[PDB]
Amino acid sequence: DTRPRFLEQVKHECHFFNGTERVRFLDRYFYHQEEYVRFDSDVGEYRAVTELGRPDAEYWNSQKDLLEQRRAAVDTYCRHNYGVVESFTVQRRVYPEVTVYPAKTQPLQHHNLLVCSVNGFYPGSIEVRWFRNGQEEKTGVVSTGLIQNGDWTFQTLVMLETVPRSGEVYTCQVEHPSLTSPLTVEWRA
């Protein structure tokens, strides 16, 4: 099937700063990926983003009742829906499971990679650090970065490249808003 496709998108966005103290509403219309017209609550009228959207801005801006609907959106739409969903979105906290296992940069060489697998947490902001015998190791650290699982949980792997010596204790330390104290997991050579 090589028939041409045509896509229309609309995104009505509510941006919240300090709870619902500062709220910005954006009404955005797109043809394929091209935003052609938008309403920005900072402005209070539709403005064409590209030439394609000039007719829509002029026509919609002539509808005072429509504009007054959009000017009230920060209250009647954004703040309202925030109050509806806040208890299970804004306030969602799911602490991570932390697992440490060894691996190899080269399948034939010996174990020279410590993986700190941090799984199932929400929200996304997290800090993961490596320690060798109580001292933070910042060199040789590589990560997948933040991974969305698509089910309101995140994961991340933080890997430390190192040659373990007998005696050493490695610590992976996780901080996250769901925790009141750092979560640490040790690994011994």
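Numbers for residues come from their place in the sequence shown, where the first is 1.
A.B. asks: Could you check the entry and say whether 122-130 or 27-35 has the higher mean CA B-factor?
C.D. replies: Between 27-35 and 122-130, it is 122-130 that shows the higher mean C-alpha B-factor.
A.B. asks: Once you work out the mean C-alpha B-factor for both 49-57 and 134-142 from the entry, which is higher?
C.D. replies: 134-142 has the higher mean C-alpha B-factor.
A.B. asks: Using the temperature factors in the entry, find which of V115, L108, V98, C78 has the highest value at its Cα atom.
C.D. replies: In this record, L108 carries the highest C-alpha B-factor of the candidates.
A.B. asks: Would you please rank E13 by its C-alpha temperature factor against the other modelled residues of its chain and give the third it falls in: lowest, middle or highest?
C.D. replies: For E13, the deposited C-alpha B-factor lands in the lowest third.
A.B. asks: Could you look up the Cα B-factor of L183 in the entry and say which third of the chain it sits in: lowest, middle or highest?
C.D. replies: CA B-factor rank for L183: middle third.
A.B. asks: Can you tell me which third, lowest, middle or highest, the CA B-factor of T162 falls into for its chain?
C.D. replies: For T162, the deposited C-alpha B-factor lands in the highest third.
A.B. asks: Comparing against every modelled residue in the chain, figure out the third that the C-alpha B-factor of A103 lands in (lowest, middle or highest).
C.D. replies: According to the entry, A103 has a C-alpha B-factor in the chain's highest third.
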